[PDB]
Structure formats: structure tokens, C-alpha cells
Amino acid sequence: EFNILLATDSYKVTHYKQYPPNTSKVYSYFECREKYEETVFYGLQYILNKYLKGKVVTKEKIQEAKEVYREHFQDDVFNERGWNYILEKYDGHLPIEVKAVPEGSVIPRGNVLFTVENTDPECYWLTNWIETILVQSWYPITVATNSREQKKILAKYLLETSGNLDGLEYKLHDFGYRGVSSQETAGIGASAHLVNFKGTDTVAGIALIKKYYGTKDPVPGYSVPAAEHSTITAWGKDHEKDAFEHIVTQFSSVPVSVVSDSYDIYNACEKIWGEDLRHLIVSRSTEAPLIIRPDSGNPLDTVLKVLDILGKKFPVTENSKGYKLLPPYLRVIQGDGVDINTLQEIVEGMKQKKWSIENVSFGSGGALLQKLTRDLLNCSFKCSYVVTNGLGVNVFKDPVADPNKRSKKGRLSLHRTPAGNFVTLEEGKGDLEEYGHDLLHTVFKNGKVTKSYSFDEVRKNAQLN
């Protein structure tokens, strides 16, 4: 089982002896320090429920921690007393209060997103002990944010080239399951992407959403049948056509994606799909199109040549915006080399060549769920206020060599400005009541989740515009 006493950075075990004597309170906060100008706050609710709520302290876990740390530090520095107190006083429930903005909220950089403080003067050391666990929320936040920023690009070009945003939620598919660092990461990352889109091949995200957020529909994400290199190459190089025919025939009534670059993407599109099996394609339903899938070469150049080829072998129409459109039974999915940067290049390149963004959907894996760091949005957790000797003290850091690492001072609160923007008031100035109500809500207190959100609410909060 998971032991919260063992889920922190090793040195935090020695911190209770480092605070000023008679410190009864430690107050800390998380922010995405000051392009990603606005961030999607999502993921905390998962961590609270899975790791922090309920009886997380037991006699066993304490003993286990005692032994582990004794060897790790080659000494007994573990705060056994402190934990026994929580076990005995609160029945293993954590005496801390957490306030946060609603899950899914879109908040500009440099603002307080959530705060942590102890509710018992005895557990002044508990606030920062759980920094490590709570800080990992940077990941679902960063994934959701990066995913949302790509949706903006897609939304912009789709609107421009088609006149509407139909199907936008299916324009960027999650292909990152094998590309992430672990199973737990796959679930968290995939759920973050689902906040903005509906297409995913990382099934793990579904279960996480159901269990920790919940949705009205029986499922938050969908997928379609699709081939991979093994199912095509297995037929032997001279039988790629046989493979294609067999696959589109097995999935004749549902959308089907078929990777076509095993040997020569251009020959596959022009001769096999465009000639040898054209009759099996033009006969398909608009609800069950063939989705050709290139998977190599320069992303933009490949997509353009593919479209040029298909346009020469299939009927092409021009929509009301003046952009070329493949027939309804035929589409393309670019699932290689796609990241927020190249995505922009591809749709822009398509527009210049007069191809509607309607013709192509995208897939992204590692770049979507793995090539992300806590530094992209500068997620940071810092102590800004303590009470020692019964007196409040506003604390902060301000490294001389880096003004960007400066932190906020005192008790904080988030407010809406008259012009509809946001501001984080420091030093308790929020009490002045000049900016309406603080936007953070208590979501956790003394072992209980006091406020939560359904995934439908999160999605609503994260919408664009």
C-alpha cells in the first residue's frame, strides 16, 4: 500500500527541527510564475482523493517510515512523535486546509492557484511536508494547458477555412500511451487532454475520470479502429494491397484509420487507395470514412503531397470559404511529428495551399503527454506566511541573481478586477474588501474533500473564448 509518510522529498523529514521555535502556522501557495499566458487549473482533485483524504496515517505506516528513514539517513531523524499525534488526535486524518480555484479554471500566469496551511498549531511542519505530493499537480495542469493552446490554433484555422468549428473536439488525438513514463502518468496525462478533446487511445484516462470526477456520458473519450505497422507489414511487402483491402473490408461500416507509410506513402495513396482499391473507398459512408495515416517524413511536406495526390484521384469540392475539400468518405490523420509548434506550421501551410483544415485531423503522443516539464509554466510552491510567537510574519524569497524567482508575501487571495481580469492580493490586503470575494474555495480540510467538480464542470470551465 501507499504510505504518505514515504511520499515526500527525503530532506523534508528533517525540516520540523529547522523552523523558528514556537511556530504555530506555515502557509504556502502554488502559482505558475510569470507563450502560455493562461493556465488550466486541473488535477488537484485527483491527488486530494487518491492520496490525501481519510485515514492516511496508521501505526504500521509510522513504523514502516521509522525503519526506512533510519537506514536512508543512517540515523533516527524521523519525526515519530509528530505523526503519532495526528494518529491519536485526528484518527490519522491530516489537519490541513487547502483552498483552490475551481478545477478547469483558466487563470493568467502569476496568480495564486491554491494554498495550503495547517489547522493545528502542533502540525506546523505538515504544510510543506506535502509540498512534493501537491506540486505534481503541475503535470495535469501543464498537459491540459498545452492541449488547450493547440485547440486554439486548430479552432482558429478550422473557423477560417470552413466557417465553423464542427468536430473541433476530435481534431487532436491522444497517441501518448507508450510514450509516457508510467501507467499512472498515462492516466493523469490522458485525462488532462480529455479536458479539451474527446479522442484518445490512452484508455487509462477514462477510468481516472470516472472514479475521480465523473461524467454524464458513460464515457468521456472515444476512438476508432486503426491499423499499425505490424498488421500491415505482417502480410509481406508485396501484399500491402491485400492488407489494405482486408482491413477496410473488416471495418466497412465504421471509420477506419490505416497507416499507409510502411514502404512508400505516396505509392500507397496514388496507386493502392487511388487506383487498385478506389472502388472500395468511394462506396463508403460519410459516417465511416477511410482515414489515411502517414507516419514519416517532414510533417507539412508529407501532408501537402498526400492531399495533392488524393485530390488528383478523388472528387474534390470547394467549400463556401473557398477551400478545397476531399469527399466525405475520405480523410487524413497526421500522427507523427506533431507538437504545438509544428501543428501551427501544418495548418498554416495547408491554408496557403487552400486546403480546408476539415481534411486533416491530428495525433500526438510523447510531445503531448511526456515532453513537458514543471518549468514550462514555472509551477512553484512557496511559503509566504507563518505565525511564530503568536505574530504573523510575511515571508518570501528573492534571489539576487534572479528576480523571476521572487515569491509573493503574506496571506493571499485571488480576485476579479472591474475590467474582468484577475489579481492576486498579497499581505492579506484581501481583507480590505476592495475587490469583491476571493475566488479560491476550500476544497480540503482536516482529512475531507469539502468541494469537488464533475468532469463536465471542468470542461465547461476550460472552454475557449
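All residue numbers are counted from 1 along the displayed sequence.
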Inset, instruction - Indicate whether the chain is continuous between residue 34 and residue 35 or, if not, how many deposited residues are absent from the coordinates: none, 1 to 3, 4 to 9, or 10 or more. - result: 10 or more
Inset, instruction - Return whichever of 328-336 and 137-145 has the greater mean Cα B factor according to the PDB record. - result: 328-336
Inset, instruction - Name the higher of the two by mean Cα B-factor in the PDB entry, 69-77 versus 317-325. - result: 69-77
Inset, instruction - Specify which of 233, 283, 185, 260 carries the largest Cα B factor in the deposited PDB entry. - result: 283
Legend entry - Candidate set 404, 28, 45, 424 [ranked by C-alpha B-factor, highest]: 404
Legend entry - Third of the chain, ranked by Cα B-factor, where residue 394 sits: middle
Legend entry - residue 19 - which third its CA temperature factor falls in, relative to the rest of the chain: highest
Legend entry - Ranked against its chain, the third holding the CA B-factor of residue 463: middle
Legend entry - B-factor third for the C-alpha atom of residue 97 within its chain: middle
Legend entry - residue 41 CA temperature factor, ranked by third within the chain: lowest
